[PDB]
Amino acid sequence: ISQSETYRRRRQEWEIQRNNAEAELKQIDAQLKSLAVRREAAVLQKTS
Amino acid sequence: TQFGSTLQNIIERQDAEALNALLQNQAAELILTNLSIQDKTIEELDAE
């Protein structure tokens, strides 16, 4: 039972490390969007 | 001579007012581009 519950707590830490990477994928995808707006403000300055 | 000095004054005032009307039509064009860059600054802060 102690081996069966060591493996359970190992899976529960894998779920936290899975959700840390999923929240970082959604964060970098939002940083790619604001950088796409920073480039459009640099093309309008190029037009200016 | 007095007609020629008067005509020289009018041409200088003509080219000084034709330049100032050019400087305000150019300043009214750059304000449209700088007001579009500010739209991309607010759109960035909604993306941040």
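Residues numbered from 1 in each chain as written, not as in the entry; some residues may be left out. Chains lettered and ligands numbered in written order. Part of a larger assembly, values for the part shown. Heavy atoms only, no water.

The record lists cryo-EM as the method behind this PDB entry and 3.2 Å as its resolution.

Chain B is annotated in the PDB entry as TcdA1 from Photorhabdus luminescens. In the PDB, the title recorded for this entry is "Toxin Complex TcdA1-TcdB1-TccC2".

For chain A, the PDB entry supplies the name TcdA1 and the organism Photorhabdus luminescens.

Caption draft 1: Up close: the overall build of chain B. Looking only at helices and strands, one finds one helix and zero strands in chain B. When the accessible area of chain B is evaluated, it comes to approximately 4300 Å², of which 56% is carbon and sulfur surface. (Helix = DSSP H or I, 4+ residues; strand = E, 2+ residues; numbered from the N terminus. Areas by Shrake-Rupley, 256 points an atom, 1.4 Å probe, with all protein chains shown as cover.)

Caption draft 2: Here's a closer look at the interface of chain B and chain A. Taken together, the ten residues of chain B in the interface contact nine residues of chain A. Here chain B meets chain A over a buried area of about 870 Å², counting both sides, of which 66% is carbon and sulfur. On the chain B side of the interface with chain A, the three residues burying the most area are B:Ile37, B:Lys40 and B:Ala47, jointly 49% of the side's total. One can count two salt bridges joining chain B with chain A. A salt bridge links B:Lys40 to A:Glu40; its shortest N-O distance comes to 2.8 Å. If you look at where chain B meets chain A, you find two residue pairs in polar contact. In terms of residue class, the side of chain B that touches chain A is made up of three nonpolar, three polar and four charged. (Contact = heavy atoms within 4.5 Å. Buried area = accessible area lost by both parts, 1.4 Å probe. Salt bridge = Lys/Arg side-chain N within 4 Å of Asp/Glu carboxyl O. Polar contact = N/O pair within 3.5 Å; in protein donor to acceptor, adjacent residues only side chain to side chain. Nonpolar A, V, L, I, M, F, W, Y, C, P; charged D, E, K, R; others polar.)

Caption draft 3: Representation of helix α1 (residues 2-47) of chain B within the structure. Here α1(B) is 46 residues long and its end C-alpha atoms lie 68 Å apart, about the 68 Å a rise of 1.5 Å per residue gives. Residues of α1(B) that are buried include every one of B:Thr33, B:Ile37, B:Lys40, B:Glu44 and B:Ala47, and no others. Summarising the contacts, the buried residues of α1(B) are in contact with α1 (2-47) of chain A. (Expected span 1.5 Å × (residues − 1). Buried < 20%, exposed > 50% of the residue type's maximum accessible area, 1.4 Å probe, protein only.)

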